[PDB]
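Note: hydrogens, waters and symmetry copies are ignored here, and every other heavy atom, side chains too, is used. Both counts, for ligands and for their atoms, begin at 1 and track the order of listing. Within every chain, numbering begins at 1; the chains are lettered A, B, ... in the order of the sequence lines, protein sequences first and strands thereafter.
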Amino acid sequence: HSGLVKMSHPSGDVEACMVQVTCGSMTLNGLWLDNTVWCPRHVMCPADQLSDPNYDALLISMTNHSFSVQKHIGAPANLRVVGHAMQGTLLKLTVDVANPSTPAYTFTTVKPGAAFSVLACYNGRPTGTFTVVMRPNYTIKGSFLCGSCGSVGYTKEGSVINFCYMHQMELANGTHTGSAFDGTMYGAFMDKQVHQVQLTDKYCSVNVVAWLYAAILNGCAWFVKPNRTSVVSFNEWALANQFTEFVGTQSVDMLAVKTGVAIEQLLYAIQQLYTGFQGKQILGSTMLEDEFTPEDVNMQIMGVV
Amino acid sequence: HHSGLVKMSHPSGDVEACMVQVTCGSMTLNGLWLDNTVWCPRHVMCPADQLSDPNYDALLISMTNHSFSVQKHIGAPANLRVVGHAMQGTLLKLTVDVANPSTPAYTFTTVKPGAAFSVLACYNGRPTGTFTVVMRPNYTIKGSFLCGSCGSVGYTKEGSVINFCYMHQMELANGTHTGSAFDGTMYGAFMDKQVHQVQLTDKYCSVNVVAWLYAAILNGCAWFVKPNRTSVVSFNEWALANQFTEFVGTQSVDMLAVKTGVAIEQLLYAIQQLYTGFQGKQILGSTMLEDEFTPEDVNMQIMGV
Ligand SMILES: *[C@H](O)[C@H](C[C@@H]1CCNC1=O)NC(=O)[C@H](CC(C)C)NC(=O)OC[C@@H]1CCC(=O)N1C[C@H]1C[C@@H]2C=C[C@H]1C2
Ligand SMILES: *[C@H](O)[C@H](C[C@@H]1CCNC1=O)NC(=O)[C@H](CC(C)C)NC(=O)OC[C@@H]1CCC(=O)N1C[C@H]1C[C@@H]2C=C[C@H]1C2
């Protein structure tokens with residue numbers, strides 16, 4: 001065993017922020033921070049109108065009294081809405097009570113290849129947690145059912161929660177996408193119930209490098225050769241072979257120092273392994289793995305945060 | 001026949017009233033003053049001899065409120081007292097004792113590749129020029145910035161609301177530029193330190209090339225239009241093999257297709273042929289594909305939408 005698992009942040013601080021938002025006949029989840037509740041704006045749309053909503057007119061049609069916000073877990077509460085606004089694909093509802101359990105937090109956009117934790121919620125109740133990597137095509141391979149919209153994704157730096165994702169939709173191929181908290185959708189997606197052009201996914205090269213380092217840290221290094229491929233040369237190759245371009249980080253550099261294996265050795269290895277594992281395995285796998293980040297490998301195997 | 005297309009920025013007056021000079025030690029740059037907050041690049045704290053690998057966490061802890069001098073030069077001049085300081089990603093959040101009386105209605109958003117925004121280029125807190133750029137697919141912009149321009153801001157405008165999307169940070173080796181969003185993340189994989197950085201490959205923005213071909217058709221230049229069509233799905237496979245972004249249609253593109261009667265798929269086919277060479281002909285005075293004008297630019301400037 002590699003010692004790697006899909007590891008999420010503990011979810012308790014975020015659980016204490018989750019609420020149910022109802023607007024007429026629709027209901028979904030919201031995030032209660034300070035005096036604000038964030039939720040997907042399509043809670044305003046009638047179920048027979050999700051294909052072509054005019055969110056501007058829907059917002060005008062609403063009053064503060066049109067929204068009901070309920071906290072179900074912990075100490076239950078019904079929150080009076082005293083203001084409402086739209087930002088991109090999210091609603092910003094102002095409530096009369098500040099969440100007493102508001103954690104230290106920021107809003108940040110997550111980048112392709114980076115990992116974050118998701119708290120899956122239904123009717124304002126947390127039901128599970130998992131971690132995903134933002135794919136190069138700005139989808140995530142998640143697990144979301146009807147009623148999950150408004151479920152949140154986040155990272156944590158120290159005690160500060162960095163909210164990066166609010167769930168909106170499932171694509172035809174079964175992957176998922178949603179909004180950052182500036183209200184933009186990830187990728188080119190729109191929050192309407194129409195089939196949409198979803199872009200080509202790629203192998204995340206930096207994460208494949210991290211995984212090969214995890215294998216070396218486990219004493220599995222049959223694929224390591226003296227041969228090296230430069231970052232520039234690898235990146236020209238990656239463009240032709242459905243890999244993201246490799247951008248080194250201090251986290252990757254720490255793996256290189258610990259193992260004594262240079263990044264360029266693993267970039268050469270990836271080019272060979274992409275043509276076939278030749279009947280061999282790496283960490284029990286016969287294919288490249290890009291769902292573990294350099295930070296994952298440093299933390300889980302080396303204890304370096 | 002001049003197309004009627006120019007690089008058209010928003011009037012800058014609303015944003016000029018928000019620019020300030022921020023000085024820390026012997027480093028100076030520009031800041032954005034909204035309500036009681038001044039945003040600026042965090043490398044204002046870094047000594048000029050330390051920019052290659054700054055310890056920004058240690059630098060921030062060493063500062064006091066008195067380390068920062070904030071001055072408004074244009075309009076009604078003022079020297080603003082800093083009463084709090086914090087770091088959000090690659091930006092500093094300085095709290096000042098007086099709210100900007102000229103704060104416009106505003107939001108913070110992230111701009112996506114191919115989208116246009118306006119830039120107010122500033123030096124020592126003084127606006128000096130305005131221009132418009134499109135975010136490149138490698139998350140750089142083709143700007144015009146010199147020493148002292150950091151903290152210059154980019155924005156779009158929806159109605160009277162200014163959507164701030166960019167704070168200038170650096171110039172890359174190839175002469176292009178990049179910066180931060182106001183969540184503090186750098187665009188792309190870039191880091192705000194003075195070191196060599198991998199530059200991802202740029203691509204043609206297919207949606208903008210399509211917009212430009214519609215501009216040509218609207219101007220009576222339609223020799224490249226044929227009955228032949230390429231589907232979006234087929235074009236996007238071709239695009240990944242030819243350094244184009246994948247095409248995602250929008251309502252703005254659809255408006256161009258309806259006005260001209262030329263289907264998107266006809267222009268996707270045309271792009272594929274034109275990319276191999278214009279065969280000695282010109283389109284709107286050019287012998288190569290143009291991707292610096294958006295569907296919205298064409299709708300606004302040519303059809304007057
Ligand atoms: C919000 O809770 C919900 C989350 C979804 C539900 C299933 N899994 C999820 O992650 N979001 C939606 O239902 C959104 C709402 C939009 C953004 C206004 N719609 C959505 O995800 O739609 C998916 C696709 C898009 C086209 C479409 O009709 N459709 C639904 C599928 C499901 C049924 C089988 C085929 C169609 C109908
Ligand atoms: C802030 O005012 C300033 C704006 C720059 C100045 C020139 N044009 C701009 O856009 N920003 C900087 O000086 C930053 C500071 C960093 C982020 C701490 N550095 C910067 O822009 O460096 C640019 C230099 C000069 C041109 C160039 O290629 N380059 C990058 C360095 C790094 C590699 C080693 C030498 C070259 C390549």
What salt bridge (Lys or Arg N to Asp or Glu O under 4.0 Å) pairs are there with at least one residue in residues 189-199 of chain A, not counting sequence neighbours?
-> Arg41(A)-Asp191(A)

Parallel, tilted or perpendicular: rings of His168(B) and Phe145(B) (30°, 60°) = parallel

Using the ring of each side chain (for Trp, its six-membered ring), is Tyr138(A) parallel, tilted or perpendicular to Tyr186(A), with breaks at 30° and 60°?
-> parallel

Sequence-distant partners of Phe116(A), ring-ring contact (aromatic ring centres under 6.0 Å, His included), two or more places apart | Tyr165(A)

Table please: side-chain donor-acceptor pairs of residues 108-115 of chain A below 3.5 Å, with sequence neighbours left out.
{"residue": "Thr109(A)", "atom": "OG1", "partner": "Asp183(B)", "partner atom": "OD2", "Å": "3.0"}
{"residue": "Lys111(A)", "atom": "NZ", "partner": "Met186(B)", "partner atom": "O", "Å": "2.8"}
{"residue": "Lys111(A)", "atom": "NZ", "partner": "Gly188(B)", "partner atom": "O", "Å": "3.1"}

Show me the short polar-atom pairs for ligand 1: any N or O of it lying under 3.5 Å from a protein N or O, with distances only.
{"residue": "ligand 1", "atom": "2 (O)", "partner": "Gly147(A)", "partner atom": "N", "Å": "3.3"}
{"residue": "ligand 1", "atom": "2 (O)", "partner": "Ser148(A)", "partner atom": "N", "Å": "3.3"}
{"residue": "ligand 1", "atom": "2 (O)", "partner": "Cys149(A)", "partner atom": "N", "Å": "2.8"}
{"residue": "ligand 1", "atom": "8 (N)", "partner": "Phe144(A)", "partner atom": "O", "Å": "3.2"}
{"residue": "ligand 1", "atom": "8 (N)", "partner": "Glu170(A)", "partner atom": "OE1", "Å": "3.1"}
{"residue": "ligand 1", "atom": "10 (O)", "partner": "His167(A)", "partner atom": "NE2", "Å": "2.6"}
{"residue": "ligand 1", "atom": "11 (N)", "partner": "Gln168(A)", "partner atom": "O", "Å": "2.9"}
{"residue": "ligand 1", "atom": "19 (N)", "partner": "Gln193(A)", "partner atom": "OE1", "Å": "2.7"}
{"residue": "ligand 1", "atom": "21 (O)", "partner": "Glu170(A)", "partner atom": "N", "Å": "3.0"}
{"residue": "ligand 1", "atom": "22 (O)", "partner": "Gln193(A)", "partner atom": "OE1", "Å": "3.4"}

Could you walk me through whether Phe107(A) and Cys164(A) pass side chain to side chain contact (heavy atoms under 4.5 Å, CB included), step by step?
-> CA-CA 6 Å; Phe107(A) 294 128; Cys164(A) 58; over 6 Å; no

